[PDB]
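Only one structure is covered here, and it is reproduced in the block below.
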Amino acid sequence: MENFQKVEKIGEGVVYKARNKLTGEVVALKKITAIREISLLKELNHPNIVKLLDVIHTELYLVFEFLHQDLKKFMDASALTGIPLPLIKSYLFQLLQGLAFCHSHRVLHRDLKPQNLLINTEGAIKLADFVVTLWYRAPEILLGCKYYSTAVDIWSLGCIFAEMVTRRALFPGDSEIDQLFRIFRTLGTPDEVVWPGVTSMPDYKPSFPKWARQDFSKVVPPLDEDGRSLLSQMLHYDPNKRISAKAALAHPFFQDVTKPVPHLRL
Ligand SMILES: Nc1nc2ccc(C(=O)c3c(F)cccc3F)cn2c1C(=O)c1ccccc1
């Protein structure tokens, strides 16, 4: 709309950085029943959720608060030394608060990934944007569950947690079956013992190869036992045994959480 001045295209809808030719405000402008669905999102305000400032419907643009960097760019920029654990823990804690908030309002993100988590110079991290990467997709979605729950967001976050720690994607699948098999090779092929009802899932196949589960100590070293304990609960196969965001916030891992400030090059 004529109320903004596209400053730069910051990412392919397409996201532009823009200045409100009126309020001088700089914002992120995203060019995209869905109406009222998005208006409700405009009421979902939390410090760890990128603020949806306005919805301009004209012949659909979403006006968001502008943050200078996403986690993917930050992880890439910290690949040599990695993100300090104190900061990893602070980010995980804040994202869990954001999810606890979203989930309490029966709202799911459904597609969390490093590129959708934005950070600022003060140490805050926020959930944004509530081929397409499958690396963070929960197994129940991959198995064709049509009515998945808030637990799909915990799975995705557990994945990002593992990636921040190891500096390598946990399950970099490049197809739906490769994604599923990478999860199986690491966490063990699921069965009725660990996931009641799993064999009845739409895309479950008795012909799936049976891989043995690997120890977490080999998956996210050098994360401490509290960290591995939390991650394990965030990656349970059964969406119902998977830890909720609220309970996760009470895990011993966060007993000594702080809010460090990252060093960013804007
Ligand atoms: N500086 C920024 N401020 C914001 C504010 C909101 C969204 C936002 O809501 C959002 C979106 F609209 C689409 C995809 C991912 C998102 F996080 C993205 N950004 C950015 C980005 O730099 C960026 C990061 C990744 C992809 C594209 C732009």
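Following Swiss-Prot, chain A shows residues 1-12, 16-35, 47-73, 76-146, 163-298, kept in their order.
Including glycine, each Cβ sits where the backbone N, Cα and C put it.
When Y19, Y180, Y236 are compared with the annotations in Swiss-Prot, the one labelled phosphotyrosine turns out to be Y19. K6 is the residue among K6, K24, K56 that Swiss-Prot labels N6-acetyllysine.
Listed in sequence order, the recorded positions from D127, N132, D145 having a Cα within 10 Å of the Cα of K88 (site 'CDK7 binding') are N132. Taking a Cβ distance under 6 Å to any atom of ligand 1 as the criterion, the recorded positions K6, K9, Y19, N132, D145 reduce to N132, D145. 2 residues are missing from the deposited coordinates between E73 and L76, whose CA atoms sit 8 angstrom from each other.
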